[PDB]
Structures are given as structure tokens and as C-alpha cells.
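Numbering (my numbering), first residue to last: 2 to 73. Ideal Cβ positions, reconstructed from N, Cα and C, are used throughout, including at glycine.
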Ligand SMILES: [Zn+2]
Ligand SMILES: [Zn+2]
């Protein structure tokens, strides 16, 4: 029971997109006021300085302390 897989990049569902919704809109990707959460700690990013990972999003806390590849 789905309409379309184009809208919020979180709940695999379309966004209201009617005329002034409290949703998150990015350069290309998008999310909801709730769905919009880190990809490591799933923390509330709505209204914050979230980051942009390769193919995912993250929060300043995580992005700042990203384990990264095999390094020190
Ligand atoms: Zn959503
Ligand atoms: Zn995080």
C-alpha cells in the first residue's frame, strides 16, 4: 500500500508538499520534521547543523567524531 517512493528520504514515503509544510528540504534530498535524524545516533537534526555523508546524513556530534577508515 504505497503511492510513490519520491519525497522523504526516511520513511520511504511522499511529503505533504502542499503549500508550506514543516518538512526538511536539502539540495536534492529531503526528510520530515521527525524522520530527519542522524544515521548513527538517529538524533533530531531538524533545526540543527546536520552534515552530509557519502550516501547518508549525520549530526555534528557524529560527523565530528567519525571513526573513518583504518586510521589512528
Ligand atoms: Zn518521513
Ligand atoms: Zn549522530
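When the options are compared against residue i, the one with the closest alpha-carbon
{"i": "residue 63", "options": "47, 72, 29, 43", "result": "43"}
{"i": "residue 28", "options": "52, 12, 36", "result": "52"}
{"i": "residue 7", "options": "30, 21, 25, 23", "result": "30"}
Under the three-state DSSP convention, the category residue i falls into
{"i": "residue 9", "result": "strand"}
Residues near residue i in its chain [Cβ-Cβ closer than 6 Å; skip 5 each side]
{"i": "residue 1", "result": "The structure shown does not extend to residue 1, since the chain is modelled only from 2 through 73, so no value can be given for it."}
Beta-carbon contacts of residue i that lie in its chain and below 8 Å, excluding the five residues immediately before and after
{"i": "residue 54", "result": "40, 64"}
**Item:** Residues passing the C-beta test against ligand 2 heavy atoms, cut-off 6 Å
**Value:** 39, 41, 42, 44, 59, 60, 62, 63
**Prompt:** Got a list of residues with beta-carbon closer than 5 Å to any non-hydrogen atom of ligand 1, in chain order?
**Reply:** In chain order, the hits are 9, 11, 12, 33, 36.
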